[PDB]
Amino acid sequence: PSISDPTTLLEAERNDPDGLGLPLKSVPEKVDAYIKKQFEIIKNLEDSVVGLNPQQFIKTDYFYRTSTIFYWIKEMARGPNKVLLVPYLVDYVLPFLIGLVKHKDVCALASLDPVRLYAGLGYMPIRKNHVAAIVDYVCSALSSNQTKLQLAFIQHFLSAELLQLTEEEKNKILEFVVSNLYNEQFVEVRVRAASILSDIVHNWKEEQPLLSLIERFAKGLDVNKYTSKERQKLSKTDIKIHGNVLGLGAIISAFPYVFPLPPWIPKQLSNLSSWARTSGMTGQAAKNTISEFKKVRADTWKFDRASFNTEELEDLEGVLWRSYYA
Amino acid sequence: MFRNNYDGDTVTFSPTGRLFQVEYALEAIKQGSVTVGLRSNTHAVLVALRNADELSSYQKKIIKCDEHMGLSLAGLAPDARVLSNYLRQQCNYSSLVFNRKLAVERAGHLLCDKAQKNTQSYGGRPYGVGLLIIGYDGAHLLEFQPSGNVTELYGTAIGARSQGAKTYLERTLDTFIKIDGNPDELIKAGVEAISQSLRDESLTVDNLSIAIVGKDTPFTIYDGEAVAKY
Amino acid sequence: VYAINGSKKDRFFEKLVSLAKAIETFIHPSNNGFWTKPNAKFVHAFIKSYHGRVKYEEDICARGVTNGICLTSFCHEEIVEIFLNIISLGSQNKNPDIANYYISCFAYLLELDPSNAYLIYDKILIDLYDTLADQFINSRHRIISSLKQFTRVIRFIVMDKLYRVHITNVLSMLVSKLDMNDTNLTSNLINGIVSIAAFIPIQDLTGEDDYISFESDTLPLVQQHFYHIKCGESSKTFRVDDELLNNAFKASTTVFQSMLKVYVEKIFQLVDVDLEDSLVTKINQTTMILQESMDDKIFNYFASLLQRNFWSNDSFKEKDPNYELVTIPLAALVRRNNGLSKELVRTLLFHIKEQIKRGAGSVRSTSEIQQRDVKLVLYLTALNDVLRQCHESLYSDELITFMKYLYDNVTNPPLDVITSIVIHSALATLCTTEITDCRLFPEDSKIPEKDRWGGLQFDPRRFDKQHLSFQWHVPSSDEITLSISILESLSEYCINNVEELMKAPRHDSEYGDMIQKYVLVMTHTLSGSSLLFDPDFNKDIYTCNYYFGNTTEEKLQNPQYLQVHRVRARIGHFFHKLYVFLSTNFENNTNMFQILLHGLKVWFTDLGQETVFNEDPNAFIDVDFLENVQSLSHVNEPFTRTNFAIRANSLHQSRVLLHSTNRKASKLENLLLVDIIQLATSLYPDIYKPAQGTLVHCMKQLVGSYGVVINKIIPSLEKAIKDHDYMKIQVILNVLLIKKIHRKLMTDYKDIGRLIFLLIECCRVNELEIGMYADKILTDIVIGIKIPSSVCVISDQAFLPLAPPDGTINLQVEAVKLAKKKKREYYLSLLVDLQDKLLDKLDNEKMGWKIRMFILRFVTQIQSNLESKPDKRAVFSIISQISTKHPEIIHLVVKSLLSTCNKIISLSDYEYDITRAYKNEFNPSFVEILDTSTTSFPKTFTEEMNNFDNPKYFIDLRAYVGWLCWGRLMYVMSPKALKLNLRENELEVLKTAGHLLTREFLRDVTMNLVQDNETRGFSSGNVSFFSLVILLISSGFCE
Amino acid sequence: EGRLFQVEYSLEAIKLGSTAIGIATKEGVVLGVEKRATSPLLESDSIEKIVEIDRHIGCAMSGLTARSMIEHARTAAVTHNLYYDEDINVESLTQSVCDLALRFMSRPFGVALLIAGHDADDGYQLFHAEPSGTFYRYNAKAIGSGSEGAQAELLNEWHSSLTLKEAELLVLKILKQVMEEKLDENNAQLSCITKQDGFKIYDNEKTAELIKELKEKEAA
Amino acid sequence: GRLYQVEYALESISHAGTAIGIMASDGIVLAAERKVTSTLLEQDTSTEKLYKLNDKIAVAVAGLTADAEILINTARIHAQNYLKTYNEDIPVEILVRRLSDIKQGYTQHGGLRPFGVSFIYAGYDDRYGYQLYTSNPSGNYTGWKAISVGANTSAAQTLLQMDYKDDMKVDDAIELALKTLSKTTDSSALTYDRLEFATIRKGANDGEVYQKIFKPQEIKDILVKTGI
């Protein structure tokens, strides 16, 4: 900082009425411009490796500067030099890493792990001003691996900023996760979105949002408007059904140790049983949900049996389908 | 919450005299699918209903132990394989040394004796499969539990919502007990029983397997286009 | 906690709810990791701080008006709602400490008296009833946790009208559930029983004609309430009528006798169970609390039952029985009603004789106790009973005759030790001021028998003097006369017996056993009448209940005082005579010497107070135990009458054990100290270690004994060296290793040099570990030698406020200062003389390298000190040690040269003013202060940091000023060269050091350092040495 | 209660290693594996995740090569040929491998395998053998990283009227989708099992030509 | 991948007695220091730390006695087996490697505590002449010219490095070992009853008398002549 006198420092600290002062250290204009110029050069040198194999990729100056910048970024996120890297996250660092993600064999040859650093960047000491920008950026072309890494970063950021995010930011994250639940390109993305949705729902306290989400997920899961043949056909082709089942299972899984069991959980398990009795991705998801529910509640199952009738208890038996089971 | 200090191994008794590992092995049968066993005065049948996905085959549930005896399984496949191999060896010994076909009751006794040894040894594990054994002619039907118990029933059902079939058999006992001389009607009765245990699921030529053995009829397994209710 | 506003609290409680929801899954028992201890600690600390703030706010509001910042009842309700399901999850933790951390919060939650405490009460009651019904037989942790929670909340359940009805029933179910295999379960049950008993009176509260019964009234209501609660409902909806009061105490207080009978039979069963000492003490405390919580009728019933079971039982079958589980409660009865003492005591005597008649104690088994001495039981009982007879002893002659018969008819060392305590109990009971009444409620209590079921823990009447009219025991003239007569008779009897034995000495075991028994009887006679002794007899504030009075005129007018002290002097003389006889006739014996050492320890440490048995468990309520039972933080003493009585007794005992027994040693005391010193330098480890302990105790008691000890140790060590008595040398070194003497040696400037020379002489003897011990002592002396200082930077305000308004105090202060300065200079001169003598020894003799290392280290320690005058001789001697070619010697020489040169440089820089070494204001002349508050300073600093040609200042170490902001004065180094303003002596020393810094010297030092280096660790000492060489070269001192 | 969860944990081999895909048709069985990108000077020929059991039976794996199962399968096939003067059935060899896993059940042994073969009884057969001592007959099956999406693609594409060339093209396309493009000839390895030629492993030139044909088909 | 048991064994050996082995151009000298004293413990326990494996090889021990006895018995059996098999004396390196392999095997299999013993081998054969080796619990063996094990290893190594020559004689090696031991013991002065000595030398006649173990009188005479 090197301020002229304590009076100027105190005046600058208390300028913002929010109570949060200035960053401890700041990058001067010259160094900031130098770093931005390096990133711009890397971005502009993208046309030299358009059609090169990894062996030809590993030899260009573009790869050399990419490796130098990767090493610099990894060194920055190591200790006292953390507050300085924060302003470069949205515009320079995260796009750079997500672009490096597309190069699997290149990173394997160069012994680089962009995924680990990208995931670990969610625990940075991010101040209030940058939180909104990061939330807007993460929720927004990308491939399946890039989308899954983005979901992992969102999960870690939520775990690190659980009591810091506002209601608007949490709503944006929830909407992004729900949208990923209905992904039209990848299934693993949908499964990871279901996991993140369960993590989000676990921290809800008011019953009204939970009831609204349960209603939205179970609106399309009614079995009175279909037949067994139709249900089995939908279990293998329909994407909306798969997303709704994943969301309902995530909601159910967000309540592992509730005692006594709330009345809505047996109803949702009964709704999911009909889909668990079919064959397909929806059936697999429902079976996984029921198996997890029965595994987590094995300690209190003797007391939890009272929440189900005979038919409901009987419908939750054959959900583990493994080659060693017959 | 509610941690159990007496469910570790099979050589520890509960303070009330229970063996929790044996009970868990018994509950392991519920994981497997549904099997139904009948018995008339002249014939005995078995009906069995899994598929990993649309590109996979279906698990075998009925195993032939000899030309006059057979079984169906529900639970762990390798345990059923070991028990079936042991029963085949016992039948072979009986047919070789004495030229005598082994009785179903003796087979149940041997299965119980073998299964008892895994509940007292420590360091091992009880069996995790339930069996339905049917035999020659009079006809016999046994239900074997991994705890080491045999029943000699007229009919029963095991695994994956089999209570409906069991209740149907309890209702229609007197109806199906005397269908001697008509194996097809007994097979149809078993098919109806196994249908009573299905939660709206249908039966096809890929999910249904049948076994029949009676007087003058050697043990026979029907699968594929042979379970088309012909 | 202190960010909560009573009027505006919605946002804070929403944040707290969110945090609790976040940590809920991390608190679950099945999920252990690094987050368990933090979560438990956070919950405990937050709840404790919240309770403390609430208590502070209510205390403030009780003395005026209520502000809008203070918490309300709604805050307490919200806190209870938030922390529910968190304490419950944490109570089932696998690690007991985490479970205790979570469980401890129930008391804090119930102290606030929230409107929703029914949730906690119902949950704990359901858990306890399920546990006692064997519903958790597969889970031990749930049983233990339920017991712990009930133990925590007993004192808050006991104050609720609805929940009182459940106490006594549970009190039964806990008593019958005591085990003989599960010791931890029994400990938890005993904790619950203690908690129940400490807050209820054990009395029948039914009136004259109630016609009410436990079975028909209490049980139906309890069952209905339990069913209502466990069905899924709360106690709010449970409506009752006035018949609950019939189901209350009127019917529930009639079930105590069966519980007491079951408890007595359980104790008699536990007598034959191998148990830890702490559990036995806890059970004894349980029984005593139960006894003191009873009324007269139940107390009489319990006493009769206990005596009946004691005289007829099927216990004490094992060879290691727990006698104190029965003997201690029995004496407790005698504490409450001494009228029961007589016949019971008589019976004991009779039974004892019967055991002697059947042949008990006729087989010597000095190692242990064999299964032929059930008589011991009676013995122990007698002890405890005789400990609390108080004035109910004026059967004195019968007891004295019985004691003489016992001491003349029994000869067995394990049995002799036990029998020797009868006299101690008899003497101590008649002359010890102590309390006798500790009941929860007195028999003639004005408190109505309807507000007694809490012990008045939360009621101001617990402070009433009427309620706290404790009954004490104060010795009378008859008791003192009886004690004196008993003491004189026993002393004469023992002295005559021992003299008769010494008339015709023998060598068999019976002779030694009889001598040891008589000496033990003498010791216990000394210890029993300890309170009758005056520590200042030869020649205060805390005036305890000394019978003979205070001051000195009153004491000298009572002949009993003088005759007691005459008896004590005679006992001491006889102890000396016995020591002489044992030394001259029984040198190889060990047990008799140990008994004599214990006797001397008792005779020296019992000049008016008792310390041998003051720490042993007895039939008194433990102050620490009862305090731990009834203590709540932020609450001003929520105690009971028993707690206040035991606290008063403890304070009296402390005031008794607060007097100073330090005195000038008399002729007898000096002679006994000499005897103990001689026994301390013995050859048998079984003898001198207790002798060393007794010597330490006597040195603590006496004043100036250290001088005698050292003045007898030094000649003995010298004589042992002369006669090559290696064992004596080794034991003398071990004695010199005693902590107290070791500490006092570091400031003994008079004889430190002689001891150092003796240690050097010992170092050359190589037959045992003597050399290693001598080297260790020398190293300790080098490390811990105290060099007096003449610098005291002290503010004048540290003594001016306490200045007396007299003009004759200044002269005394000045005289004291002058005398202290003279003594300090004399001590420094002695140290300098010792250093010079060591240098002479080093230079003259050629010598093992250990002594050379010791001498170099001592000279370095002396010279590096700022109060010492540098010497050319020491520097020359240190430098000339490189010829030894020993790497350790060379490293030590380098370090010594560095230290001496640094001391000389400090003398130069301080301008021969050592006080400036501690002055914060003073700075060296080469250090400059720069004002960084100027407008253009940052640019100047930036330019200076880039200035390599003509620097203005230097910063050697880490710079810190200006990293965040400028404005403070900055200390910098001057760019000029450093000069030395040294006088003739320091300049001559530096020239002498430089003259020896030849090329060959440096070559040898560097070669030895390189050769003695097999690892990269470089070394900053070498850099400092090179810098010192550069300085000496640059100043012209080195050629 | 209690249950054998170690077996279930072992069956979670989605992250075990490189993707391996097998497709069974009426003309042969195609096995395709992912080749790791290693140092240019390394001899990539030393990496063999497709192994030959015998002339009519081949195997593919997803985990570490380090072995006992392959040796046991070869020994069983040779022993059956010695004892019965014929070729062992594919299902019989799979059951032998499963029995070997079971004997050497509450603990898993070995790693998952894809066994392809041909015999006169059941034509061309593909089996998935799991470390639980069990196996499943499959009409195309994918293991390793990205196995769920690959299996969904196989469900959408397999139609029982495929040919050997179409099976190879499907294997290459699915491997490219899993590995996200840039698979010329060094990120994949192909092998075939046919009645006439037996078990063969395609050389780099044939794989490069197949990749070129796949690119041409994509261009259309 | 550190081995904690091996480190514990090395630390235990670091508290044991000090042994010194010096190789000259015509002989080898082994010395050891006795530390246990009780004024009633017999000092005629054959040789406490110096042992003979055959007529050509001797060993000095630092560490636990039972493991040392086991290893020495095994080495003697191995040497006799080699002599019976090939009718020739076993080379020193072969026996040293055998013992090192035994130690390594004891440091790899579970349920076996590593040998907390350090060995100094002094041998002679016609392939390399005089040979000096040091073996540790880790199983590594190293050849040396002057080596020391036990308590004051570093100081003794420094002293040997200062005053060792490649062309020393047997008496020079004896004096060097005595002076090195006298300057490192923590018992002030070195005495005959606390010392064990051995020499392996070949004279002008090819007799190869490699079994000279010094008697207490001889040790006293050597100490008097040297001036310790």
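Every chain is numbered from 1 and lettered A, B, ... according to where its sequence line falls, protein lines coming before strand lines. Worth knowing before you read on, the calculation uses all heavy atoms, side chains too, and leaves out hydrogens, waters and symmetry mates.
For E167(A) and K170(A), the salt-bridge test passes: some basic side-chain N is under 4.0 Å from an acidic carboxylate O. Under 4.0 Å is where a charged nitrogen must lie from a carboxylate oxygen, and between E40(A) and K36(A) no such pair does. Between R78(A) and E75(A) there is a salt bridge, with a side-chain nitrogen of the basic residue lying less than 4.0 Å from a carboxylate oxygen of the acidic one.
Atom NZ of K37(C) is surrounded by more than 12 heavy atoms from other residues, nucleotides or ligands within 6.0 Å. Surrounding NZ of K21(C) are more than 12 heavy atoms belonging to other residues, nucleotides or ligands, all under 6.0 Å away.
The six-membered or imidazole ring of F255(A) lies near that of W264(A), with a centre-to-centre distance under 6.0 Å. Separation of the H156(A) and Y123(A) ring centroids falls under the 6.0 Å cut-off. Note: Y182(A) and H242(A) fail the aromatic proximity criterion, with ring centroids not under 6.0 Å apart.
Remark: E24(C) CD to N85(C) CG distance equals 5.0 Å, nearest 0.5 Å. Between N129(A) atom CG and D18(A) atom CG the span is 7.5 Å, to the nearest 0.5 Å. Distance check: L210(A) CG to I214(A) CD1 gives 4.0 Å after rounding to the nearest 0.5 Å. Taking CD1 of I196(A) as the start and CG of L174(A) as the end, the distance is 12.0 Å to the nearest 0.5 Å.
Side chain to side chain, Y101(C) and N93(C) fail the donor-acceptor criterion of an N or O pair below 3.5 Å. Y257(A) and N31(C) share a donor-acceptor pair across their side chains, judged by distance under 3.5 Å alone. Using modelled atom types and a 3.5 Å distance limit, the side chains of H44(C) and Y108(C) yield no donor-acceptor pair. No donor-acceptor contact under 3.5 angstrom links the side chains of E34(D) and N187(D), judged on distance only.
For residues 182-210 of chain A, the pairs satisfying salt bridge (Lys or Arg N to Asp or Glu O under 4.0 Å) are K148(A)-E188(A), with sequence neighbours left out.
In this pair, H103(A) and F57(A) present their aromatic rings tilted. The plane angle is within the 30 to 60° band. The aromatic rings of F12(C) and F46(C) lie parallel to each other, their planes meeting at an angle below 30°, with 60° marking the opposite boundary. Using the six-membered ring where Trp is involved, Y92(A) and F39(A) have ring planes that are tilted, between 30° and 60° apart.
Under the side chain to side chain contact (heavy atoms under 4.5 Å, CB included) rule, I200(A) has a single partner from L213(A), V177(A), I154(A), which is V177(A). With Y118(A) as the fixed residue, the ring-ring contact (aromatic ring centres under 6.0 Å, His included) test singles out one of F70(A), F153(A), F96(A): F153(A).
Judged by distance alone, the side chain of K9(C) and the main-chain N or O of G6(C) form a donor-acceptor pair under 3.5 Å. Judged by distance alone, the side chain of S49(C) and the main-chain N or O of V1(C) form no donor-acceptor pair under 3.5 Å. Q146(A) places a side-chain N or O within donor-acceptor distance of the main-chain N or O of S143(A), the cut-off being under 3.5 Å.
Across all non-hydrogen atoms, the minimal contact from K182(D) to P54(A) is CE-CD, 4.5 Å. The two atoms that bring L112(A) and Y71(A) nearest to each other are CD2-CE2, 3.6 Å, heavy atoms only.
Between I23(C) and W35(C), the closest side-chain pair of non-hydrogen atoms is not below 4.5 Å. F259(A) has its side chain within reach of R297(A): a pair of non-hydrogen atoms, C-beta onward, lies under 4.5 Å apart. Between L89(C) and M1(B), the closest side-chain pair of non-hydrogen atoms falls below 4.5 Å.
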* Asked: Going through the checks in order, is the side-chain contact (heavy atoms from CB on, under 4.5 Å) test met by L151(A) and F176(A)?
  -> CA-CA 9 Å; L151(A) 288 178; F176(A) 182 74; 4.0 Å; yes
